[PDB]
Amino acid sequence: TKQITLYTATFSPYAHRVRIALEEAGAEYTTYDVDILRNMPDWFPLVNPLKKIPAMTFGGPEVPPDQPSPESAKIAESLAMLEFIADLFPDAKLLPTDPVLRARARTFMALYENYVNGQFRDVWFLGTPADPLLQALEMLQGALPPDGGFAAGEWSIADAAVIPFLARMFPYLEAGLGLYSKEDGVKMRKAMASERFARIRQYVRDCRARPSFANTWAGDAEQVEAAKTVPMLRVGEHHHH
């Protein structure tokens, strides 16, 4: 019964994770867009002292999101929010019940975090070499069940953690968004279209097919336009090695 408010921005893959999980939970919740990169509201540190999106408030009196209550719980960090939503809505089965399968989900989220996420960030924002990213993606692909299905078999929060980033990759590459070189843009587009990456393309289609994705995605072109407003994606700059 207690209220959930998610502070969000369309470009943000980290906020996207949490919208997906809230959709999969069937939760009642409010979203509130925050111009975190160009015009942070003076009240925003009251909901997240770290000054990042996403931010979540939970409980307290029902108030407008730009008048946050000191009485709500302030929850930070998108992966903490995913686990919290699974904890709040156990009947939605956002994690498996089997401990080994639950560990597959947690392992997949840690493999993404520790090997892949930083490569996406370095390739896109610093234009570092794309090969290490493709290697990390091949490793992540190898953790998926071979025959189809999601990270832990049934859909879980592990798939909410990863799909925002993989789903952005394809249309960002098609639009030439990111500070990597033309040569590495071609390399990545060819790789991600190659038989080497058939399994992760099926994973992306399977995640995107779910209502939780359709209902939290502005569309490929609209997401590209949102991403173009991110300052660290300077138009017209590329790094070469």
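Counting begins at 1, following the sequence as shown.
The deposited model assigns a higher average Cα B-factor to 34-42 than to the other stretch when 34-42 and 172-180 are compared. Stretches 6-14 and 218-226 differ in mean CA B factor, with 218-226 having the higher one.
Of the residues listed, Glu113, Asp147, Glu154, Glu83, the entry assigns the biggest Cα temperature factor to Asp147. Per the PDB entry, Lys93 shows the highest C-alpha temperature factor of the residues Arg102, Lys74, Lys93, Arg121.
In the PDB entry, a CA B factor belonging to the middle third of its chain's modelled residues is recorded for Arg210.
Looking at the C-alpha B-factors along this chain, the one for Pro164 belongs to the lowest third.
Annotation for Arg199: CA B-factor lies in the lowest third of the chain's modelled residues.
When the modelled residues of the chain are ordered by C-alpha B-factor, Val63 sits in the highest third. In the PDB entry, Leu233 places in the highest third of its chain by CA B-factor.
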